[PDB]
>>> print(open('input_3.cif').read())   # mmCIF, C-alpha atoms
data_input
#
loop_
_atom_site.group_PDB
_atom_site.id
_atom_site.type_symbol
_atom_site.label_atom_id
_atom_site.label_comp_id
_atom_site.auth_asym_id
_atom_site.auth_seq_id
_atom_site.Cartn_x
_atom_site.Cartn_y
_atom_site.Cartn_z
ATOM 1 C CA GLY A 706 10.542 -8.041 6.445
ATOM 2 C CA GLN A 707 9.597 -5.653 9.262
ATOM 3 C CA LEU A 708 6.001 -4.441 9.552
ATOM 4 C CA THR A 709 6.371 -0.722 10.289
ATOM 5 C CA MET A 710 3.568 1.799 10.682
ATOM 6 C CA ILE A 711 3.934 5.518 9.996
ATOM 7 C CA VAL A 712 1.438 7.706 11.835
ATOM 8 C CA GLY A 713 0.643 11.268 12.803
ATOM 9 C CA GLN A 714 -1.881 14.102 12.503
ATOM 10 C CA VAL A 715 -3.416 15.110 9.160
ATOM 11 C CA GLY A 716 -0.956 17.444 7.461
ATOM 12 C CA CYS A 717 2.032 16.490 9.648
ATOM 13 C CA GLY A 718 3.933 15.430 6.536
ATOM 14 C CA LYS A 719 3.112 11.706 6.385
ATOM 15 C CA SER A 720 2.428 11.810 2.646
ATOM 16 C CA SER A 721 5.536 14.009 2.310
ATOM 17 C CA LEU A 722 7.394 11.412 4.400
ATOM 18 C CA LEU A 723 6.269 8.819 1.853
ATOM 19 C CA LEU A 724 7.610 11.131 -0.867
ATOM 20 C CA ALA A 725 10.913 11.165 1.045
ATOM 21 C CA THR A 726 10.695 7.357 1.091
ATOM 22 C CA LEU A 727 10.229 7.520 -2.695
ATOM 23 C CA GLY A 728 13.297 9.707 -3.226
ATOM 24 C CA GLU A 729 11.053 12.558 -4.397
ATOM 25 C CA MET A 730 12.496 15.282 -2.145
ATOM 26 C CA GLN A 731 15.857 17.067 -2.096
ATOM 27 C CA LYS A 732 18.328 15.619 0.413
ATOM 28 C CA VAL A 733 20.172 18.568 1.948
ATOM 29 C CA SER A 734 22.817 16.380 3.610
ATOM 30 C CA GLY A 735 23.569 12.945 5.006
ATOM 31 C CA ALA A 736 23.981 9.420 3.721
ATOM 32 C CA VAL A 737 21.254 7.006 2.679
ATOM 33 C CA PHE A 738 21.732 3.412 1.507
ATOM 34 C CA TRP A 739 18.754 1.097 0.929
ATOM 35 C CA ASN A 740 20.833 -1.520 -1.018
ATOM 36 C CA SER A 741 19.694 0.205 -4.254
ATOM 37 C CA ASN A 742 22.702 2.532 -4.548
ATOM 38 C CA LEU A 743 25.053 -0.396 -5.166
ATOM 39 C CA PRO A 744 26.557 -0.280 -8.697
ATOM 40 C CA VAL A 770 9.405 -1.138 -6.278
ATOM 41 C CA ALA A 771 5.632 -0.584 -6.191
ATOM 42 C CA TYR A 772 3.788 2.542 -5.068
ATOM 43 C CA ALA A 773 0.299 3.434 -3.836
ATOM 44 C CA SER A 774 0.131 7.221 -3.959
ATOM 45 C CA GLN A 775 -1.694 9.353 -1.396
ATOM 46 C CA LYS A 776 -4.225 10.269 -4.097
ATOM 47 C CA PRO A 777 -4.891 7.286 -6.397
ATOM 48 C CA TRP A 778 -4.547 7.689 -10.145
ATOM 49 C CA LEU A 779 -5.587 5.517 -13.057
ATOM 50 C CA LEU A 780 -3.947 4.762 -16.358
ATOM 51 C CA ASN A 781 -6.191 4.889 -19.410
ATOM 52 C CA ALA A 782 -6.566 1.150 -20.056
ATOM 53 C CA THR A 783 -8.508 -1.968 -19.107
ATOM 54 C CA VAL A 784 -8.682 -3.059 -15.478
ATOM 55 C CA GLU A 785 -6.614 -6.048 -16.645
ATOM 56 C CA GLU A 786 -3.851 -3.828 -18.040
ATOM 57 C CA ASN A 787 -4.128 -1.638 -14.923
ATOM 58 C CA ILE A 788 -3.312 -4.872 -13.065
ATOM 59 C CA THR A 789 -0.536 -6.163 -15.361
ATOM 60 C CA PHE A 790 1.564 -2.912 -15.352
ATOM 61 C CA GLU A 791 4.111 -4.071 -17.983
ATOM 62 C CA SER A 792 4.196 -7.769 -17.096
ATOM 63 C CA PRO A 793 3.090 -10.991 -18.758
ATOM 64 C CA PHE A 794 -0.453 -12.180 -18.152
ATOM 65 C CA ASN A 795 -0.925 -15.027 -15.671
ATOM 66 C CA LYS A 796 -4.489 -16.058 -14.781
ATOM 67 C CA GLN A 797 -3.823 -18.064 -11.658
ATOM 68 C CA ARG A 798 -1.878 -15.131 -10.311
ATOM 69 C CA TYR A 799 -4.809 -13.011 -11.520
ATOM 70 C CA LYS A 800 -7.286 -15.300 -9.741
ATOM 71 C CA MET A 801 -5.283 -15.060 -6.488
ATOM 72 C CA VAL A 802 -4.923 -11.289 -6.926
ATOM 73 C CA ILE A 803 -8.661 -10.898 -7.645
ATOM 74 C CA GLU A 804 -9.548 -12.796 -4.475
ATOM 75 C CA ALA A 805 -6.801 -11.125 -2.401
ATOM 76 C CA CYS A 806 -7.539 -7.554 -3.563
ATOM 77 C CA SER A 807 -11.329 -7.731 -2.861
ATOM 78 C CA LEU A 808 -11.984 -7.181 -6.556
ATOM 79 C CA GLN A 809 -14.818 -9.705 -6.926
ATOM 80 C CA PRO A 810 -17.548 -7.117 -5.967
ATOM 81 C CA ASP A 811 -15.961 -4.675 -8.434
ATOM 82 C CA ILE A 812 -15.892 -7.251 -11.242
ATOM 83 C CA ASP A 813 -19.454 -8.178 -10.221
ATOM 84 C CA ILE A 814 -20.492 -4.556 -10.787
ATOM 85 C CA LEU A 815 -18.349 -3.974 -13.881
ATOM 86 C CA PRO A 816 -20.283 -4.167 -17.177
ATOM 87 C CA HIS A 817 -17.708 -6.341 -18.987
ATOM 88 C CA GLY A 818 -15.517 -7.480 -16.091
ATOM 89 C CA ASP A 819 -11.829 -6.996 -16.900
ATOM 90 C CA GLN A 820 -12.630 -5.840 -20.445
ATOM 91 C CA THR A 821 -14.167 -2.622 -19.079
ATOM 92 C CA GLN A 822 -12.360 0.462 -20.373
ATOM 93 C CA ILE A 823 -11.078 2.430 -17.377
ATOM 94 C CA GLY A 824 -9.274 5.711 -16.857
ATOM 95 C CA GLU A 825 -9.913 8.915 -18.791
ATOM 96 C CA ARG A 826 -13.141 8.949 -20.894
ATOM 97 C CA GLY A 827 -14.082 5.486 -19.592
ATOM 98 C CA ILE A 828 -15.916 4.024 -16.615
ATOM 99 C CA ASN A 829 -15.597 6.305 -13.574
ATOM 100 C CA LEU A 830 -14.254 4.195 -10.713
ATOM 101 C CA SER A 831 -14.778 5.374 -7.147
ATOM 102 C CA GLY A 832 -11.874 6.421 -4.938
ATOM 103 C CA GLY A 833 -12.158 3.102 -3.147
ATOM 104 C CA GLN A 834 -12.241 1.162 -6.421
ATOM 105 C CA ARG A 835 -9.223 3.177 -7.605
ATOM 106 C CA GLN A 836 -7.460 2.369 -4.316
ATOM 107 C CA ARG A 837 -8.263 -1.346 -4.669
ATOM 108 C CA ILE A 838 -6.932 -1.253 -8.244
ATOM 109 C CA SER A 839 -3.745 0.419 -6.964
ATOM 110 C CA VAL A 840 -3.401 -2.235 -4.233
ATOM 111 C CA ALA A 841 -3.933 -4.987 -6.821
ATOM 112 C CA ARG A 842 -1.301 -3.322 -9.033
ATOM 113 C CA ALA A 843 1.187 -3.366 -6.152
ATOM 114 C CA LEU A 844 0.393 -6.954 -5.133
ATOM 115 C CA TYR A 845 0.640 -8.154 -8.752
ATOM 116 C CA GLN A 846 3.999 -6.418 -9.203
ATOM 117 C CA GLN A 847 5.447 -8.583 -6.328
ATOM 118 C CA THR A 848 7.996 -5.923 -5.361
ATOM 119 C CA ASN A 849 10.412 -6.098 -2.445
ATOM 120 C CA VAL A 850 9.108 -2.858 -0.897
ATOM 121 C CA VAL A 851 5.475 -1.715 -0.699
ATOM 122 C CA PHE A 852 4.495 1.840 0.241
ATOM 123 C CA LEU A 853 0.832 2.024 1.263
ATOM 124 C CA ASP A 854 -0.542 5.551 1.752
ATOM 125 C CA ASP A 855 -3.611 5.064 4.018
ATOM 126 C CA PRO A 856 -4.844 2.163 1.874
ATOM 127 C CA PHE A 857 -8.091 1.336 3.724
ATOM 128 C CA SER A 858 -9.301 4.929 4.225
ATOM 129 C CA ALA A 859 -11.427 4.835 1.069
ATOM 130 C CA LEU A 860 -12.797 1.331 1.741
ATOM 131 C CA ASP A 861 -15.609 0.138 4.018
ATOM 132 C CA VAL A 862 -15.156 -1.636 7.360
ATOM 133 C CA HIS A 863 -15.703 -5.075 5.789
ATOM 134 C CA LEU A 864 -13.224 -4.293 3.006
ATOM 135 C CA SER A 865 -10.836 -2.979 5.688
ATOM 136 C CA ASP A 866 -11.205 -6.388 7.374
ATOM 137 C CA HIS A 867 -10.475 -7.952 3.975
ATOM 138 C CA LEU A 868 -7.336 -5.799 3.621
ATOM 139 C CA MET A 869 -6.418 -6.853 7.182
ATOM 140 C CA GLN A 870 -6.627 -10.612 6.520
ATOM 141 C CA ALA A 871 -5.445 -10.575 2.913
ATOM 142 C CA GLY A 872 -2.906 -7.937 3.816
ATOM 143 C CA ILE A 873 -1.621 -10.260 6.538
ATOM 144 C CA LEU A 874 -1.540 -12.989 3.864
ATOM 145 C CA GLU A 875 0.083 -10.584 1.421
ATOM 146 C CA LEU A 876 2.911 -9.775 3.771
ATOM 147 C CA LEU A 877 2.722 -13.446 4.690
ATOM 148 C CA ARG A 878 2.549 -14.113 0.931
ATOM 149 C CA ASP A 879 5.577 -11.765 0.703
ATOM 150 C CA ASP A 880 8.496 -14.184 0.960
ATOM 151 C CA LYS A 881 10.465 -12.121 3.540
ATOM 152 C CA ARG A 882 9.841 -8.762 1.772
ATOM 153 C CA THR A 883 9.793 -5.403 3.581
ATOM 154 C CA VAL A 884 6.343 -3.797 3.776
ATOM 155 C CA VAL A 885 5.882 -0.182 4.912
ATOM 156 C CA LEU A 886 2.293 0.741 5.810
ATOM 157 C CA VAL A 887 1.637 4.440 6.338
ATOM 158 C CA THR A 888 -1.718 4.915 8.037
ATOM 159 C CA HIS A 889 -3.620 7.650 9.867
ATOM 160 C CA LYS A 890 -5.625 5.068 11.838
ATOM 161 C CA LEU A 891 -4.793 3.374 15.134
ATOM 162 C CA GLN A 892 -7.144 0.422 14.484
ATOM 163 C CA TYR A 893 -4.406 -2.017 13.430
ATOM 164 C CA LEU A 894 -1.290 -0.591 15.102
ATOM 165 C CA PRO A 895 -1.367 -3.502 17.642
ATOM 166 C CA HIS A 896 -1.657 -5.821 14.622
ATOM 167 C CA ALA A 897 1.507 -4.798 12.810
ATOM 168 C CA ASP A 898 4.898 -5.660 14.203
ATOM 169 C CA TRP A 899 6.476 -2.361 15.312
ATOM 170 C CA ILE A 900 5.478 1.316 15.103
ATOM 171 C CA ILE A 901 7.488 4.417 14.170
ATOM 172 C CA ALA A 902 5.686 7.624 15.198
ATOM 173 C CA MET A 903 6.304 10.828 13.241
ATOM 174 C CA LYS A 904 5.213 14.370 14.042
ATOM 175 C CA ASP A 905 5.603 17.776 12.329
ATOM 176 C CA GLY A 906 7.796 16.357 9.565
ATOM 177 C CA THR A 907 10.147 14.828 12.144
ATOM 178 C CA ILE A 908 10.257 11.382 13.721
ATOM 179 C CA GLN A 909 9.086 11.684 17.319
ATOM 180 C CA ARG A 910 9.671 8.099 18.519
ATOM 181 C CA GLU A 911 10.170 4.542 17.278
ATOM 182 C CA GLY A 912 9.696 1.633 19.608
ATOM 183 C CA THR A 913 7.648 -1.051 21.314
ATOM 184 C CA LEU A 914 4.108 -0.806 22.666
ATOM 185 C CA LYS A 915 5.556 -0.339 26.179
ATOM 186 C CA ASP A 916 7.933 2.361 24.844
ATOM 187 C CA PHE A 917 4.995 4.216 23.287
ATOM 188 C CA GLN A 918 2.989 3.726 26.456
ATOM 189 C CA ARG A 919 5.837 5.641 28.104
ATOM 190 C CA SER A 920 5.412 8.131 25.238
ATOM 191 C CA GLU A 921 1.731 8.221 26.376
ATOM 192 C CA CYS A 922 0.636 8.379 22.733
ATOM 193 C CA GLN A 923 -0.332 4.892 21.486
ATOM 194 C CA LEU A 924 -2.889 4.461 24.283
ATOM 195 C CA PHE A 925 -4.408 7.865 23.450
#
>>> encode(input="input_3.cif", output="structure tokens")
Amino acid sequence: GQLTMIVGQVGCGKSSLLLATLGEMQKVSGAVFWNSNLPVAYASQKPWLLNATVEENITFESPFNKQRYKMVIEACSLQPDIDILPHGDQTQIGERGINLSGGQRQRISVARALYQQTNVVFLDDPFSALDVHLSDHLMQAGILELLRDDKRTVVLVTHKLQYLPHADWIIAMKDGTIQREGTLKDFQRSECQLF
């Protein structure tokens, strides 16, 4: 249930840190238990599309629910996209289909993650490819997504400082290492968060 930001310079390893969070690197040593080693949704740094309908890009091996779909459509800012799609959800997307923008692909990925209702969400800079108004949408609906999240843990990697006061706690990373984790006052003493 914590709201935790991950920040640092372009190329400092933030996306690689997310890959570490996905278990996609080689652990040289140490112990890691996330309750999943007892005997998940993903928004990748570069969005990718499956070759299917927008609808099936949303379902992601699930049954179809259309109230959940209505709430997801409103919550994921997908009404302008539907409004500009030639057949709405029946538009063929992915390879050899309609060419979605990077922002539309990101919004589809966000909708995929919200629809999957996972316990852990990894967002790799999710509002970079969206406009300021859509970023405000992702702010309010994000806050009512984590709020919609019934106690779930949400990890929001971002390169932007715009909403670091508006998440709960920040962990600052640099050069592939964690530099500091802590309160606003702690990071004021770091003399970083103000900068």
>>> atom_distance(input="input_3.cif", atom1="CA of residue 853 in chain A", atom2="CA of residue 886 in chain A")
4.9 Å
>>> atom_distance(input="input_3.cif", atom1="CA of residue 738 in chain A", atom2="CA of residue 717 in chain A")
25.0 Å
>>> resolve_selection(input="input_3.cif", expression="the PyMOL selection byres ((chain A and resi 865) around 12)", output="ChimeraX atom specification")
/A:806-807,833,836-837,855-864,866-873,890,892-893
>>> atom_distance(input="input_3.cif", atom1="CA of residue 731 in chain A", atom2="CA of residue 889 in chain A")
24.7 Å
>>> residues_around(input="input_3.cif", residues="residue 785 in chain A", least_positions_apart="3", cutoff="8 Å", atoms="only C-alpha atoms", output="list in words")
residues 782, 788, 789, 819 and 820 of chain A
>>> residues_around(input="input_3.cif", residues="residue 917 in chain A", least_positions_apart="4", cutoff="12 Å", atoms="all atoms listed in the file", output="PDB file with C-alpha atoms, in the coordinates of the input")
ATOM      1  CA  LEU A 894      -1.290  -0.591  15.102  1.00  0.00           C
ATOM      2  CA  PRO A 895      -1.367  -3.502  17.642  1.00  0.00           C
ATOM      3  CA  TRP A 899       6.476  -2.361  15.312  1.00  0.00           C
ATOM      4  CA  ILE A 900       5.478   1.316  15.103  1.00  0.00           C
ATOM      5  CA  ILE A 901       7.488   4.417  14.170  1.00  0.00           C
ATOM      6  CA  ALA A 902       5.686   7.624  15.198  1.00  0.00           C
ATOM      7  CA  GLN A 909       9.086  11.684  17.319  1.00  0.00           C
ATOM      8  CA  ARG A 910       9.671   8.099  18.519  1.00  0.00           C
ATOM      9  CA  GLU A 911      10.170   4.542  17.278  1.00  0.00           C
ATOM     10  CA  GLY A 912       9.696   1.633  19.608  1.00  0.00           C
ATOM     11  CA  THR A 913       7.648  -1.051  21.314  1.00  0.00           C
ATOM     12  CA  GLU A 921       1.731   8.221  26.376  1.00  0.00           C
ATOM     13  CA  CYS A 922       0.636   8.379  22.733  1.00  0.00           C
ATOM     14  CA  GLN A 923      -0.332   4.892  21.486  1.00  0.00           C
ATOM     15  CA  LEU A 924      -2.889   4.461  24.283  1.00  0.00           C
ATOM     16  CA  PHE A 925      -4.408   7.865  23.450  1.00  0.00           C
TER      17      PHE A 925
END
>>> resolve_selection(input="input_3.cif", expression="the PyMOL selection byres ((chain A and resi 714) around 10)", output="CSV table (one decimal) with C-alpha atoms, in the coordinates of the input")
chain,number,residue,atom,x,y,z
A,712,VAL,CA,1.4,7.7,11.8
A,713,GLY,CA,0.6,11.3,12.8
A,715,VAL,CA,-3.4,15.1,9.2
A,716,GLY,CA,-1.0,17.4,7.5
A,717,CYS,CA,2.0,16.5,9.6
A,718,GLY,CA,3.9,15.4,6.5
A,719,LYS,CA,3.1,11.7,6.4
A,889,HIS,CA,-3.6,7.6,9.9
A,890,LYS,CA,-5.6,5.1,11.8
A,903,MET,CA,6.3,10.8,13.2
A,904,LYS,CA,5.2,14.4,14.0
A,905,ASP,CA,5.6,17.8,12.3
>>> closest_residue(input="input_3.cif", among="A:908, A:770, A:914, A:795", to="residue 896 in chain A", atoms="only C-alpha atoms")
A:914
>>> residues_near_point(input="input_3.cif", point="(-9.9, -7.5, -12.8)", cutoff="12 Å", atoms="all atoms listed in the file", output="compact mmCIF listing (two decimals) with C-alpha atoms, in the coordinates of the input")
# COMPACT_ATOMS: atom_id res chain seq x y z
CA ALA A 782 -6.57 1.15 -20.06
CA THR A 783 -8.51 -1.97 -19.11
CA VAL A 784 -8.68 -3.06 -15.48
CA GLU A 785 -6.61 -6.05 -16.64
CA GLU A 786 -3.85 -3.83 -18.04
CA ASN A 787 -4.13 -1.64 -14.92
CA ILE A 788 -3.31 -4.87 -13.06
CA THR A 789 -0.54 -6.16 -15.36
CA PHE A 794 -0.45 -12.18 -18.15
CA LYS A 796 -4.49 -16.06 -14.78
CA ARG A 798 -1.88 -15.13 -10.31
CA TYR A 799 -4.81 -13.01 -11.52
CA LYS A 800 -7.29 -15.30 -9.74
CA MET A 801 -5.28 -15.06 -6.49
CA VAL A 802 -4.92 -11.29 -6.93
CA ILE A 803 -8.66 -10.90 -7.64
CA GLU A 804 -9.55 -12.80 -4.47
CA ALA A 805 -6.80 -11.12 -2.40
CA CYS A 806 -7.54 -7.55 -3.56
CA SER A 807 -11.33 -7.73 -2.86
CA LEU A 808 -11.98 -7.18 -6.56
CA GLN A 809 -14.82 -9.70 -6.93
CA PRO A 810 -17.55 -7.12 -5.97
CA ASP A 811 -15.96 -4.68 -8.43
CA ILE A 812 -15.89 -7.25 -11.24
CA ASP A 813 -19.45 -8.18 -10.22
CA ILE A 814 -20.49 -4.56 -10.79
CA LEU A 815 -18.35 -3.97 -13.88
CA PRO A 816 -20.28 -4.17 -17.18
CA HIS A 817 -17.71 -6.34 -18.99
CA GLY A 818 -15.52 -7.48 -16.09
CA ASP A 819 -11.83 -7.00 -16.90
CA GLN A 820 -12.63 -5.84 -20.44
CA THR A 821 -14.17 -2.62 -19.08
CA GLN A 822 -12.36 0.46 -20.37
CA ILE A 823 -11.08 2.43 -17.38
CA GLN A 834 -12.24 1.16 -6.42
CA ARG A 835 -9.22 3.18 -7.60
CA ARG A 837 -8.26 -1.35 -4.67
CA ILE A 838 -6.93 -1.25 -8.24
CA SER A 839 -3.74 0.42 -6.96
CA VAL A 840 -3.40 -2.24 -4.23
CA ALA A 841 -3.93 -4.99 -6.82
CA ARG A 842 -1.30 -3.32 -9.03
CA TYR A 845 0.64 -8.15 -8.75
>>> closest_residue(input="input_3.cif", among="A:740, A:878, A:852, A:725", to="residue 907 in chain A", atoms="only C-alpha atoms")
A:725
>>> resolve_selection(input="input_3.cif", expression="the PyMOL selection byres ((chain A and resi 727) around 12)", output="JSON, numbers by chain")
{"A": [720, 721, 722, 723, 724, 725, 726, 728, 729, 730, 731, 732, 739, 770, 771, 772, 773, 774, 850, 851, 852, 853, 854, 885]}
>>> closest_residue(input="input_3.cif", among="A:888, A:846, A:706, A:919", to="residue 793 in chain A", atoms="only C-alpha atoms")
A:846
